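Okay, my_file.txt is below, compact mmCIF, N, CA and C atoms:
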```txt
# COMPACT_ATOMS: atom_id res chain seq x y z
N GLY E 1 27.70 -0.51 -24.78
CA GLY E 1 26.76 0.59 -24.87
C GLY E 1 25.77 0.60 -23.74
N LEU E 2 24.98 1.65 -23.70
CA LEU E 2 24.01 1.83 -22.63
C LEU E 2 22.81 0.93 -22.87
N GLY E 3 22.38 0.26 -21.81
CA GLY E 3 21.19 -0.55 -21.84
C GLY E 3 19.97 0.30 -21.58
N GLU E 4 18.85 -0.38 -21.44
CA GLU E 4 17.56 0.26 -21.54
C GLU E 4 17.25 1.13 -20.34
N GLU E 5 18.00 1.00 -19.23
CA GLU E 5 17.87 1.86 -18.06
C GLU E 5 19.12 2.73 -17.85
N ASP E 6 19.87 2.99 -18.91
CA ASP E 6 21.06 3.83 -18.83
C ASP E 6 22.17 3.24 -17.98
N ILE E 7 22.26 1.93 -17.88
CA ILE E 7 23.41 1.28 -17.26
C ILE E 7 24.23 0.67 -18.37
N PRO E 8 25.54 0.87 -18.38
CA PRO E 8 26.34 0.24 -19.43
C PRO E 8 26.20 -1.28 -19.38
N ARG E 9 26.18 -1.89 -20.57
CA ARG E 9 26.15 -3.34 -20.70
C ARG E 9 27.54 -3.95 -20.58
N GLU E 10 28.56 -3.19 -20.93
CA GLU E 10 29.89 -3.73 -21.03
C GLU E 10 30.55 -3.72 -19.66
N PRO E 11 31.61 -4.50 -19.49
CA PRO E 11 32.35 -4.44 -18.23
C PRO E 11 32.80 -3.02 -17.97
N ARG E 12 32.75 -2.63 -16.71
CA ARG E 12 33.05 -1.25 -16.34
C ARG E 12 33.79 -1.25 -15.00
N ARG E 13 34.66 -0.27 -14.84
CA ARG E 13 35.49 -0.15 -13.66
C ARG E 13 34.79 0.72 -12.64
N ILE E 14 34.73 0.23 -11.40
CA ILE E 14 34.21 0.96 -10.26
C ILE E 14 35.26 0.93 -9.16
N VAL E 15 35.68 2.10 -8.70
CA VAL E 15 36.63 2.24 -7.60
C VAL E 15 35.85 2.51 -6.33
N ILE E 16 36.04 1.66 -5.32
CA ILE E 16 35.38 1.82 -4.03
C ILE E 16 36.41 2.15 -2.98
N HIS E 17 36.12 3.14 -2.16
CA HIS E 17 36.93 3.49 -0.99
C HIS E 17 36.24 2.88 0.23
N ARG E 18 36.94 1.94 0.87
CA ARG E 18 36.37 1.08 1.91
C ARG E 18 35.94 1.86 3.15
N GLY E 19 34.90 1.36 3.82
CA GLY E 19 34.45 1.89 5.08
C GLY E 19 34.75 0.95 6.24
N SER E 20 34.19 1.28 7.41
CA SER E 20 34.61 0.56 8.61
C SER E 20 34.21 -0.91 8.58
N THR E 21 33.03 -1.24 8.04
CA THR E 21 32.57 -2.63 8.04
C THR E 21 32.84 -3.33 6.71
N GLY E 22 33.45 -2.63 5.78
CA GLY E 22 33.74 -3.22 4.50
C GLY E 22 33.32 -2.29 3.40
N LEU E 23 32.80 -2.89 2.35
CA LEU E 23 32.54 -2.23 1.09
C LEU E 23 31.06 -1.95 0.87
N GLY E 24 30.20 -2.42 1.76
CA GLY E 24 28.82 -2.02 1.69
C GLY E 24 27.94 -2.80 0.74
N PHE E 25 28.27 -4.05 0.43
CA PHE E 25 27.39 -4.86 -0.40
C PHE E 25 27.45 -6.30 0.08
N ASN E 26 26.70 -7.17 -0.57
CA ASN E 26 26.84 -8.60 -0.38
C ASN E 26 26.72 -9.30 -1.72
N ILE E 27 27.15 -10.55 -1.73
CA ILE E 27 27.27 -11.32 -2.96
C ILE E 27 26.68 -12.70 -2.80
N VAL E 28 26.20 -13.22 -3.92
CA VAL E 28 25.75 -14.59 -4.08
C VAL E 28 26.56 -15.23 -5.22
N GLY E 29 26.44 -16.55 -5.36
CA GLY E 29 27.02 -17.23 -6.49
C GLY E 29 28.38 -17.82 -6.18
N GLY E 30 29.14 -18.11 -7.24
CA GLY E 30 30.42 -18.75 -7.06
C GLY E 30 30.35 -20.25 -6.88
N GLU E 31 29.29 -20.88 -7.38
CA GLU E 31 29.08 -22.32 -7.31
C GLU E 31 28.32 -22.74 -8.55
N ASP E 32 28.63 -23.94 -9.04
CA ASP E 32 27.89 -24.57 -10.13
C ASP E 32 27.85 -23.70 -11.38
N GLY E 33 28.91 -22.95 -11.63
CA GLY E 33 29.01 -22.09 -12.79
C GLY E 33 28.45 -20.70 -12.65
N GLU E 34 27.66 -20.45 -11.62
CA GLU E 34 27.16 -19.10 -11.39
C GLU E 34 28.32 -18.22 -10.95
N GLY E 35 28.48 -17.05 -11.58
CA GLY E 35 29.51 -16.11 -11.17
C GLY E 35 29.12 -15.40 -9.87
N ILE E 36 29.91 -14.37 -9.53
CA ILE E 36 29.72 -13.62 -8.30
C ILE E 36 28.84 -12.43 -8.61
N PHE E 37 27.65 -12.38 -8.03
CA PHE E 37 26.70 -11.31 -8.27
C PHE E 37 26.42 -10.51 -7.02
N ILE E 38 26.24 -9.21 -7.19
CA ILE E 38 25.81 -8.36 -6.09
C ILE E 38 24.33 -8.60 -5.84
N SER E 39 23.99 -8.93 -4.58
CA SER E 39 22.64 -9.23 -4.18
C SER E 39 22.06 -8.22 -3.20
N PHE E 40 22.85 -7.28 -2.70
CA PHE E 40 22.44 -6.40 -1.61
C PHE E 40 23.39 -5.22 -1.59
N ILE E 41 22.83 -4.02 -1.40
CA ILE E 41 23.58 -2.79 -1.17
C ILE E 41 23.18 -2.26 0.21
N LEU E 42 24.15 -2.05 1.09
CA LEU E 42 23.86 -1.54 2.43
C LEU E 42 23.60 -0.04 2.37
N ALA E 43 22.52 0.42 2.96
CA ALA E 43 22.20 1.83 2.92
C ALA E 43 23.31 2.63 3.59
N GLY E 44 23.81 3.65 2.89
CA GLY E 44 24.81 4.56 3.42
C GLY E 44 26.22 4.00 3.42
N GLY E 45 26.42 2.75 2.98
CA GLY E 45 27.77 2.23 2.96
C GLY E 45 28.51 2.66 1.72
N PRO E 46 29.77 2.21 1.58
CA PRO E 46 30.61 2.69 0.46
C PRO E 46 29.99 2.47 -0.90
N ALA E 47 29.48 1.27 -1.18
CA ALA E 47 28.91 1.01 -2.50
C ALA E 47 27.70 1.89 -2.77
N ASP E 48 26.85 2.10 -1.76
CA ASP E 48 25.71 3.00 -1.92
C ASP E 48 26.16 4.44 -2.16
N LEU E 49 27.10 4.95 -1.36
CA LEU E 49 27.58 6.32 -1.54
C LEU E 49 28.17 6.51 -2.93
N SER E 50 28.92 5.52 -3.43
CA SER E 50 29.45 5.59 -4.79
C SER E 50 28.32 5.69 -5.80
N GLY E 51 27.29 4.88 -5.62
CA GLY E 51 26.12 4.94 -6.44
C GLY E 51 26.20 4.17 -7.73
N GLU E 52 27.31 3.50 -8.00
CA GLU E 52 27.51 2.89 -9.30
C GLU E 52 27.17 1.41 -9.34
N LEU E 53 27.52 0.66 -8.30
CA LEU E 53 27.21 -0.78 -8.26
C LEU E 53 25.72 -1.00 -8.09
N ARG E 54 25.21 -2.07 -8.70
CA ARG E 54 23.80 -2.39 -8.71
C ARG E 54 23.63 -3.86 -8.34
N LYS E 55 22.49 -4.17 -7.75
CA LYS E 55 22.06 -5.56 -7.65
C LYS E 55 21.94 -6.13 -9.06
N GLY E 56 22.54 -7.30 -9.27
CA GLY E 56 22.61 -7.88 -10.58
C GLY E 56 23.87 -7.57 -11.35
N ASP E 57 24.77 -6.75 -10.80
CA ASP E 57 26.12 -6.66 -11.31
C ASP E 57 26.88 -7.95 -11.01
N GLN E 58 27.54 -8.51 -12.01
CA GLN E 58 28.50 -9.57 -11.79
C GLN E 58 29.87 -8.96 -11.56
N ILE E 59 30.53 -9.36 -10.48
CA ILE E 59 31.90 -8.93 -10.19
C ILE E 59 32.82 -9.83 -11.00
N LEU E 60 33.44 -9.26 -12.03
CA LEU E 60 34.33 -10.04 -12.89
C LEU E 60 35.73 -10.12 -12.30
N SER E 61 36.20 -9.04 -11.67
CA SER E 61 37.52 -9.03 -11.07
C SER E 61 37.56 -8.03 -9.93
N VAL E 62 38.49 -8.27 -9.00
CA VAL E 62 38.77 -7.42 -7.84
C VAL E 62 40.29 -7.24 -7.84
N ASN E 63 40.75 -6.00 -7.90
CA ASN E 63 42.18 -5.70 -7.85
C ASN E 63 42.99 -6.60 -8.79
N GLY E 64 42.49 -6.81 -9.99
CA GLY E 64 43.23 -7.53 -10.99
C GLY E 64 43.15 -9.05 -10.89
N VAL E 65 42.35 -9.59 -9.98
CA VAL E 65 42.17 -11.03 -9.84
C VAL E 65 40.85 -11.41 -10.49
N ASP E 66 40.90 -12.36 -11.39
CA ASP E 66 39.72 -12.86 -12.11
C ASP E 66 38.85 -13.68 -11.17
N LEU E 67 37.60 -13.25 -10.99
CA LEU E 67 36.64 -13.95 -10.16
C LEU E 67 35.51 -14.57 -10.97
N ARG E 68 35.67 -14.67 -12.30
CA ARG E 68 34.60 -15.24 -13.11
C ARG E 68 34.28 -16.69 -12.73
N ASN E 69 35.30 -17.46 -12.30
CA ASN E 69 35.13 -18.86 -11.93
C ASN E 69 35.56 -19.14 -10.50
N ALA E 70 35.72 -18.09 -9.70
CA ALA E 70 36.10 -18.24 -8.30
C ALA E 70 34.95 -18.72 -7.43
N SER E 71 35.30 -19.40 -6.35
CA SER E 71 34.31 -19.83 -5.38
C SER E 71 33.78 -18.62 -4.60
N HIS E 72 32.65 -18.82 -3.93
CA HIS E 72 32.09 -17.76 -3.09
C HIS E 72 33.07 -17.32 -2.01
N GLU E 73 33.73 -18.28 -1.35
CA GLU E 73 34.71 -17.96 -0.33
C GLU E 73 35.91 -17.22 -0.90
N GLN E 74 36.36 -17.64 -2.08
CA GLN E 74 37.50 -16.99 -2.71
C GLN E 74 37.19 -15.53 -3.03
N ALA E 75 35.96 -15.27 -3.47
CA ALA E 75 35.57 -13.91 -3.80
C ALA E 75 35.44 -13.07 -2.53
N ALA E 76 34.83 -13.64 -1.49
CA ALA E 76 34.68 -12.95 -0.21
C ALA E 76 36.04 -12.59 0.38
N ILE E 77 36.97 -13.55 0.39
CA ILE E 77 38.30 -13.26 0.93
C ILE E 77 39.03 -12.24 0.08
N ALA E 78 38.83 -12.27 -1.23
CA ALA E 78 39.45 -11.26 -2.08
C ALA E 78 38.95 -9.86 -1.74
N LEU E 79 37.66 -9.72 -1.52
CA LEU E 79 37.10 -8.40 -1.14
C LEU E 79 37.68 -7.98 0.20
N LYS E 80 37.74 -8.88 1.17
CA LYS E 80 38.25 -8.57 2.51
C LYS E 80 39.71 -8.13 2.41
N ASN E 81 40.48 -8.70 1.50
CA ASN E 81 41.94 -8.42 1.41
C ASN E 81 42.25 -7.33 0.41
N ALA E 82 41.24 -6.68 -0.15
CA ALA E 82 41.46 -5.76 -1.25
C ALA E 82 41.96 -4.38 -0.81
N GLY E 83 42.11 -4.12 0.49
CA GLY E 83 42.66 -2.85 0.92
C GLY E 83 41.63 -1.76 1.01
N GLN E 84 42.15 -0.56 1.17
CA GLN E 84 41.33 0.61 1.37
C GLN E 84 40.74 1.14 0.08
N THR E 85 41.41 0.92 -1.04
CA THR E 85 40.94 1.36 -2.36
C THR E 85 40.82 0.13 -3.25
N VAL E 86 39.59 -0.17 -3.64
CA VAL E 86 39.28 -1.44 -4.28
C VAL E 86 38.83 -1.16 -5.70
N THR E 87 39.46 -1.83 -6.66
CA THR E 87 39.12 -1.68 -8.07
C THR E 87 38.33 -2.90 -8.51
N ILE E 88 37.05 -2.69 -8.80
CA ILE E 88 36.16 -3.74 -9.27
C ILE E 88 35.88 -3.55 -10.74
N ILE E 89 35.91 -4.64 -11.49
CA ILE E 89 35.34 -4.65 -12.83
C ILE E 89 34.02 -5.39 -12.69
N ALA E 90 32.93 -4.72 -13.00
CA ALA E 90 31.58 -5.24 -12.90
C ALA E 90 30.92 -5.25 -14.26
N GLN E 91 30.00 -6.18 -14.47
CA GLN E 91 29.19 -6.21 -15.67
C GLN E 91 27.73 -6.40 -15.29
N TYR E 92 26.88 -5.48 -15.71
CA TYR E 92 25.49 -5.49 -15.28
C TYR E 92 24.71 -6.54 -16.06
N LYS E 93 24.20 -7.54 -15.34
CA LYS E 93 23.53 -8.69 -15.95
C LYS E 93 22.26 -9.01 -15.19
N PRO E 94 21.28 -8.10 -15.19
CA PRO E 94 20.07 -8.32 -14.39
C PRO E 94 19.30 -9.56 -14.82
N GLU E 95 19.22 -9.85 -16.10
CA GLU E 95 18.43 -10.99 -16.52
C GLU E 95 19.11 -12.29 -16.11
N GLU E 96 20.42 -12.42 -16.39
CA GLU E 96 21.13 -13.64 -15.99
C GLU E 96 21.10 -13.81 -14.48
N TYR E 97 21.24 -12.74 -13.74
CA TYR E 97 21.19 -12.80 -12.27
C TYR E 97 19.83 -13.39 -11.88
N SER E 98 18.74 -12.91 -12.48
CA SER E 98 17.42 -13.39 -12.10
C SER E 98 17.25 -14.86 -12.40
N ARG E 99 17.86 -15.36 -13.48
CA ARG E 99 17.73 -16.77 -13.81
C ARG E 99 18.42 -17.64 -12.77
N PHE E 100 19.53 -17.19 -12.21
CA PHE E 100 20.24 -18.01 -11.21
C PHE E 100 19.57 -17.88 -9.86
N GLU E 101 18.94 -16.75 -9.58
CA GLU E 101 18.47 -16.47 -8.21
C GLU E 101 16.98 -16.82 -8.09
N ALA E 102 16.30 -17.14 -9.18
CA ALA E 102 14.90 -17.63 -9.15
C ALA E 102 14.84 -18.95 -8.38
```

This entry written out as structure tokens:
Amino acid sequence: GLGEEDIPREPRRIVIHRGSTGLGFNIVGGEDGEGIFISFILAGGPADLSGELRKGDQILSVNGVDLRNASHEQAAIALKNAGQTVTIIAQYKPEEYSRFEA
């Protein structure tokens, strides 16, 4: 269901169409049990133009590959190899993100 700022709480599918430098975001995590979280949205890049991904989204999967326990490098290489049309399953977890990034 919708959380308190109208972002779904449940895992949700976001389709990104890649740009010249990539997908337009950056990630943290992938170590010591922390999952892969979006930490940055590049202005005017694909993720920003889509408008759906948020800082504090956990990337659960990319093109059908589970990244819940993947390393940071494994997640980065998966994004790089995901092609021109990238299917992300994201789950918005602002509070958990803040606990890991504090």

Residues of segment 30-75 of chain E in strand (DSSP E), written as a list in words: residues 30, 31, 34, 35, 36, 37, 38, 39, 40, 41, 57, 58, 59, 60, 61, 62, 65 and 66 of chain E

Who sits within 8 Å of residue 18 of chain E, only N, CA and C atoms, same chain under 5 positions skipped, as a JSON list (two decimals) with N, CA and C atoms, keeping the file's coordinate frame:
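Saved result, selection.json, follows:
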```json
[["chain", "number", "residue", "atom", "x", "y", "z"],
["E", 23, "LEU", "N", 32.80, -2.89, 2.35],
["E", 23, "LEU", "CA", 32.54, -2.23, 1.09],
["E", 23, "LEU", "C", 31.06, -1.95, 0.87],
["E", 24, "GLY", "N", 30.20, -2.42, 1.76],
["E", 24, "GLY", "CA", 28.82, -2.02, 1.69],
["E", 24, "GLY", "C", 27.94, -2.80, 0.74],
["E", 45, "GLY", "N", 26.42, 2.75, 2.98],
["E", 45, "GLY", "CA", 27.77, 2.23, 2.96],
["E", 45, "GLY", "C", 28.51, 2.66, 1.72],
["E", 46, "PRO", "N", 29.77, 2.21, 1.58],
["E", 46, "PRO", "CA", 30.61, 2.69, 0.46],
["E", 46, "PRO", "C", 29.99, 2.47, -0.90],
["E", 47, "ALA", "N", 29.48, 1.27, -1.18],
["E", 47, "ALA", "CA", 28.91, 1.01, -2.50],
["E", 47, "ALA", "C", 27.70, 1.89, -2.77],
["E", 83, "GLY", "N", 42.11, -4.12, 0.49],
["E", 83, "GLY", "CA", 42.66, -2.85, 0.92],
["E", 83, "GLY", "C", 41.63, -1.76, 1.01],
["E", 84, "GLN", "N", 42.15, -0.56, 1.17],
["E", 84, "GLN", "CA", 41.33, 0.61, 1.37],
["E", 84, "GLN", "C", 40.74, 1.14, 0.08],
["E", 85, "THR", "N", 41.41, 0.92, -1.04],
["E", 85, "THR", "CA", 40.94, 1.36, -2.36],
["E", 85, "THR", "C", 40.82, 0.13, -3.25],
["E", 86, "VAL", "N", 39.59, -0.17, -3.64],
["E", 86, "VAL", "CA", 39.28, -1.44, -4.28],
["E", 86, "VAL", "C", 38.83, -1.16, -5.70]]
```

Of the listed residues E:1, E:30, E:56, E:22, that which approaches residue 68 of chain E most closely, counting only C-alpha atoms: E:30

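In this structure, atom N of residue 5 of chain E sits 23.9 Å away from atom CA of residue 44 of chain E.
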
DSSP alpha helix (DSSP H) residues within chain E, as an NGL selection string: :E and (46-50 or 72-80 or 94-101)

Local residues around (33.6, -7.3, -12.1), at most 8 Å away, using all atoms listed in the file, as number ranges by chain: E: 11-14, 36, 57-62, 67-68, 87-92

Let's have the selection written as a short mmCIF file (atom, residue, chain, number, x, y, z; two decimals), keeping the file's coordinate frame, with N, CA and C atoms.
```cif
data_model
loop_
_atom_site.label_atom_id
_atom_site.label_comp_id
_atom_site.auth_asym_id
_atom_site.auth_seq_id
_atom_site.Cartn_x
_atom_site.Cartn_y
_atom_site.Cartn_z
N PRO E 11 31.61 -4.50 -19.49
CA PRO E 11 32.35 -4.44 -18.23
C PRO E 11 32.80 -3.02 -17.97
N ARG E 12 32.75 -2.63 -16.71
CA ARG E 12 33.05 -1.25 -16.34
C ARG E 12 33.79 -1.25 -15.00
N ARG E 13 34.66 -0.27 -14.84
CA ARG E 13 35.49 -0.15 -13.66
C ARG E 13 34.79 0.72 -12.64
N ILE E 14 34.73 0.23 -11.40
CA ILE E 14 34.21 0.96 -10.26
C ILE E 14 35.26 0.93 -9.16
N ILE E 36 29.91 -14.37 -9.53
CA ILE E 36 29.72 -13.62 -8.30
C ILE E 36 28.84 -12.43 -8.61
N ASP E 57 24.77 -6.75 -10.80
CA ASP E 57 26.12 -6.66 -11.31
C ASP E 57 26.88 -7.95 -11.01
N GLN E 58 27.54 -8.51 -12.01
CA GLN E 58 28.50 -9.57 -11.79
C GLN E 58 29.87 -8.96 -11.56
N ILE E 59 30.53 -9.36 -10.48
CA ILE E 59 31.90 -8.93 -10.19
C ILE E 59 32.82 -9.83 -11.00
N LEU E 60 33.44 -9.26 -12.03
CA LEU E 60 34.33 -10.04 -12.89
C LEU E 60 35.73 -10.12 -12.30
N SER E 61 36.20 -9.04 -11.67
CA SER E 61 37.52 -9.03 -11.07
C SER E 61 37.56 -8.03 -9.93
N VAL E 62 38.49 -8.27 -9.00
CA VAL E 62 38.77 -7.42 -7.84
C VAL E 62 40.29 -7.24 -7.84
N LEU E 67 37.60 -13.25 -10.99
CA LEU E 67 36.64 -13.95 -10.16
C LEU E 67 35.51 -14.57 -10.97
N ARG E 68 35.67 -14.67 -12.30
CA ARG E 68 34.60 -15.24 -13.11
C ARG E 68 34.28 -16.69 -12.73
N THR E 87 39.46 -1.83 -6.66
CA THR E 87 39.12 -1.68 -8.07
C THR E 87 38.33 -2.90 -8.51
N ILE E 88 37.05 -2.69 -8.80
CA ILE E 88 36.16 -3.74 -9.27
C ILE E 88 35.88 -3.55 -10.74
N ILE E 89 35.91 -4.64 -11.49
CA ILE E 89 35.34 -4.65 -12.83
C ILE E 89 34.02 -5.39 -12.69
N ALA E 90 32.93 -4.72 -13.00
CA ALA E 90 31.58 -5.24 -12.90
C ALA E 90 30.92 -5.25 -14.26
N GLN E 91 30.00 -6.18 -14.47
CA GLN E 91 29.19 -6.21 -15.67
C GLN E 91 27.73 -6.40 -15.29
N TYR E 92 26.88 -5.48 -15.71
CA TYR E 92 25.49 -5.49 -15.28
C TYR E 92 24.71 -6.54 -16.06
#
```

Residue nearest residue 37 of chain E - candidates E:80, E:17, E:54, E:99, atoms counted: all atoms listed in the file: E:54

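Considering only C-alpha atoms, the residue among E:82, E:43, E:28, E:15 positioned nearest to residue 63 of chain E is E:82.
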
Could you model N, CA, C and O atoms for segment 7-19 of chain E and present them as a short mmCIF file (atom, residue, chain, number, x, y, z; two decimals), keeping the file's coordinate frame?
```cif
data_model
loop_
_atom_site.label_atom_id
_atom_site.label_comp_id
_atom_site.auth_asym_id
_atom_site.auth_seq_id
_atom_site.Cartn_x
_atom_site.Cartn_y
_atom_site.Cartn_z
N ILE E 7 22.26 1.93 -17.88
CA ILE E 7 23.41 1.28 -17.26
C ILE E 7 24.23 0.67 -18.37
O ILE E 7 23.68 -0.02 -19.23
N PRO E 8 25.54 0.87 -18.38
CA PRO E 8 26.34 0.24 -19.43
C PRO E 8 26.20 -1.28 -19.38
O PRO E 8 26.18 -1.88 -18.30
N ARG E 9 26.18 -1.89 -20.57
CA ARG E 9 26.15 -3.34 -20.70
C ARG E 9 27.54 -3.95 -20.58
O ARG E 9 27.68 -5.13 -20.22
N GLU E 10 28.56 -3.19 -20.93
CA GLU E 10 29.89 -3.73 -21.03
C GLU E 10 30.55 -3.72 -19.66
O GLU E 10 30.11 -2.99 -18.77
N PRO E 11 31.61 -4.50 -19.49
CA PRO E 11 32.35 -4.44 -18.23
C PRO E 11 32.80 -3.02 -17.97
O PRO E 11 33.19 -2.30 -18.88
N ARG E 12 32.75 -2.63 -16.71
CA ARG E 12 33.05 -1.25 -16.34
C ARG E 12 33.79 -1.25 -15.00
O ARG E 12 33.55 -2.09 -14.14
N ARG E 13 34.66 -0.27 -14.84
CA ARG E 13 35.49 -0.15 -13.66
C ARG E 13 34.79 0.72 -12.64
O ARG E 13 34.33 1.84 -12.96
N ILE E 14 34.73 0.23 -11.40
CA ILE E 14 34.21 0.96 -10.26
C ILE E 14 35.26 0.93 -9.16
O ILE E 14 35.69 -0.14 -8.73
N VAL E 15 35.68 2.10 -8.70
CA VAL E 15 36.63 2.24 -7.60
C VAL E 15 35.85 2.51 -6.33
O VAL E 15 35.08 3.47 -6.26
N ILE E 16 36.04 1.66 -5.32
CA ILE E 16 35.38 1.82 -4.03
C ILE E 16 36.41 2.15 -2.98
O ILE E 16 37.44 1.48 -2.89
N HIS E 17 36.12 3.14 -2.16
CA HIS E 17 36.93 3.49 -0.99
C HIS E 17 36.24 2.88 0.23
O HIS E 17 35.09 3.21 0.53
N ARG E 18 36.94 1.94 0.87
CA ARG E 18 36.37 1.08 1.91
C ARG E 18 35.94 1.86 3.15
O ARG E 18 36.55 2.87 3.51
N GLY E 19 34.90 1.36 3.82
CA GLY E 19 34.45 1.89 5.08
C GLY E 19 34.75 0.95 6.24
O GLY E 19 35.44 -0.06 6.10
#
```
